[PDB]
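What follows is a single structure, written as structure tokens, with notes after it.
Chains as they are written, first to last, in the deposited numbering: chain k, 4 to 190; chain A, 211 to 419.
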């Protein structure tokens with residue numbers, strides 16, 4: 004159930020990012036109504052700038068957590084499926100690639116690495132041999148609709164929000180800004 | 211201050227202004243200062259924001275020195291230790307209140323006037339403020355107004371008070387201004403800020419250069 008709980012956590016922080024985006028949209032709409040209207044006072048404007056900066060930082064880090072959680076669930080599902088299939092019919096591709104596997108099994112470490120890279124090249128040319136047809140397939144049997152809903156490519160807004168990057172000192176001061184904003188909101 | 215300065219103050223600021231010229235004795239000055247600062251503390255106790263323009267810490271310290279009894283330990287300049295203790299807490303009352311309200315105090319100090327106690331109060335009050343703004347004479351000799359010194363000017367904990375984006379848009383000006391001289395930076399800044407309506411527009415006007 005590790006894959007299922009990982010996907011549940013991915014959905015959880017995706018929903019957290021959605022709530023962050025909702026709060027952000029509220030921030031831009033109030034900012035635009037205040038600037039369009041009689042924005043006479045400027046202290047509220049400074050507070051708005053202070054909150055919106057850390058809000059952009061929060062949605063950036065939420066996009067980051069969403070993206071590497073998606074990568075985590077994708078790779079764990081891929082490795083589980085590969086383990087299951089390759090254990091079901093291990094002897095077939097074993098006899099298909101027997102000489103280099105024997106080279107790997109009873110030789111030294113550098114010879115093992117050479118066997119690994121030779122098998123890498125063999126599998127690369129294997130994939131290039133058949134990808135020309137490009138016949139349509141479906142997802143894994145046990146993980147079809149979960150990956151259909153989450154999708155391989157994530158939301159475009161997710162990758163767009165990750166264009167900008169912050170220095171670690173900037174990240175630390177933005178975390179401090181988030182903490183003080185939470186303290187202000189609590190009051 | 212001079213009577214003309216205070217009387218043209220009474221008709222210039224909309225907020226209430228309190229003053230006592232040099233005609234009155236130092237006891238009047240010190241009692242006015244204590245009364246007004248304690249009233250400001252009482253006002254800010256009501257979660258009300260208060261801002262103080264103080265002129266001047268050196269004159270206040272001199273007045274307290276004249277009025278306070280001697281403590282028997284007089285340092286350089288005819289000033290004893292207990293004389294500066296009252297202005298210390300007088301200036302130290304500025305803070306930001308947690309639950310509500312904020313007392314901001316900005317004060318001016320006399321510089322190199324030729325009297326030996328002025329630099330005594332100067333050195334005594336350095337490091338006790340959140341920020342300081344410096345002005346020079348050679349800038350105003352050519353009448354470049356204001357005569358503020360950007361390089362000597364500084365602030366403590368700028369990160370909390372503003373955003374990172376505008377703070378970086380400030381350090382870029384800092385790096386621009388460090389190489390050349392202070393006055394040359396003054397004409398540069400006034401010239402390239404004159405035609406721009408606001409500093410916000412000035413930001414994008416200068417970033418492209």
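The C-beta atom is built at its ideal place from N, Cα and C for all residues, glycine as well.
Residue i: contacting residues in chain A (beta-carbon distance under 9 Å)
i: residue 1 (chain k); result: Chain k is shown only over 4 to 190; residue 1 (chain k) falls outside these bounds and no answer can be derived.
Whole-number beta carbon distance between residue j and residue i, since they are thought to touch under 8 Å
i: residue 301 (chain A); j: residue 335 (chain A); result: 7 Å
i: residue 118 (chain k); j: residue 137 (chain k); result: Not confirmed; about 30 Å, so no contact.
i: residue 53 (chain k); j: residue 373 (chain A); result: 6 Å
i: residue 371 (chain A); j: residue 316 (chain A); result: Rounded, the Cβ-Cβ distance is 14 Å, inconsistent with contact.
i: residue 228 (chain A); j: residue 242 (chain A); result: 7 Å
i: residue 271 (chain A); j: residue 297 (chain A); result: 5 Å
i: residue 277 (chain A); j: residue 240 (chain A); result: 5 Å
i: residue 354 (chain A); j: residue 309 (chain A); result: Not confirmed; about 44 Å, so no contact.
i: residue 281 (chain A); j: residue 273 (chain A); result: So it is not a contact: roughly 16 Å between Cβ atoms.
i: residue 341 (chain A); j: residue 311 (chain A); result: The pair is not a contact, with the Cβ atoms about 20 Å apart (cut-off 8 Å).
i: residue 275 (chain A); j: residue 289 (chain A); result: 5 Å
i: residue 100 (chain k); j: residue 114 (chain k); result: Going by Cβ atoms, the distance from residue 100 (chain k) to residue 114 (chain k) rounds to 16 Å, so no, they are not a contact pair.
i: residue 211 (chain A); j: residue 231 (chain A); result: 6 Å
i: residue 393 (chain A); j: residue 352 (chain A); result: 7 Å
Chain-ordered chain A contacts of residue i [CB-CB under 8 Å]
i: residue 176 (chain k); result: 369, 374
Chain A contact for residue i (CB, 8 Å cutoff)
i: residue 64 (chain k); result: no
i: residue 56 (chain k); result: yes
i: residue 188 (chain k); result: no
Contact list for residue i against chain A, beta-carbon separation under 7 Å
i: residue 173 (chain k); result: 374
Sequence-distant residues of its chain with Cβ nearer than 8 Å to residue i (five each side left out)
i: residue 76 (chain k); result: 6, 9, 10, 13, 153
i: residue 56 (chain k); result: 177, 180
i: residue 165 (chain k); result: 63, 66, 67, 70
i: residue 58 (chain k); result: 23, 26, 27, 30
i: residue 80 (chain k); result: 6, 143, 146, 150
i: residue 98 (chain k); result: none
i: residue 73 (chain k); result: 13, 153, 157
i: residue 338 (chain A); result: 298, 301, 302
i: residue 34 (chain k); result: 51, 55
Residue i: CB within 7 Å of a non-hydrogen atom of the ligand NAP
i: residue 238 (chain A); result: Annotation note on the ligand NAP: not contained in the displayed structure, which lists no ligands.
Chain-order list of residues whose beta-carbon lies under 6 Å from that of residue i (same chain, five-residue window excluded)
i: residue 387 (chain A); result: 360, 395
i: residue 60 (chain k); result: 177
i: residue 48 (chain k); result: none
i: residue 415 (chain A); result: 406
i: residue 260 (chain A); result: 250, 253, 254, 313
i: residue 20 (chain k); result: 65, 69
i: residue 362 (chain A); result: 344
Own chain residues within Cβ distance below 7 Å of residue i, not counting five before or after
i: residue 328 (chain A); result: 268, 320
i: residue 379 (chain A); result: 413
i: residue 83 (chain k); result: 6
i: residue 38 (chain k); result: none
i: residue 357 (chain A); result: 345, 346, 349, 350
Neighbour flag for residue i against chain C, beta carbons, 8 Å
i: residue 117 (chain k); result: Absent here is chain C; the protein component of the structure consists of chains k and A.
Exercise. Residue ranges of each alpha helix (DSSP H) run of no fewer than 4 residues wholly in the region 216-255 of chain A, ordered along the chain?
Worked result: Those alpha helix (DSSP H) runs which fall completely within the region 216-255 of chain A and span 4+ residues are 236-254.
For this session: Would you list, in sequence order, the uninterrupted alpha helix (DSSP H) runs of no fewer than 4 residues that lie entirely inside the region 38-110 of chain k?
Result: 46-91, 93-99, 101-108
Problem set entry | In chain order, each alpha helix (DSSP H) run of at least 4 residues that lies wholly inside the region 312-363 of chain A | 326-335, 348-351
For this session: For the region 152-186 of chain k, list the alpha helix (DSSP H) runs that are entirely contained and at least 4 residues long, ordered along the chain.
Result: 159-164
For this session: At 4 residues or longer, and completely inside the region 255-284 of chain A: list those alpha helix (DSSP H) runs for me, N to C.
Result: 267-277
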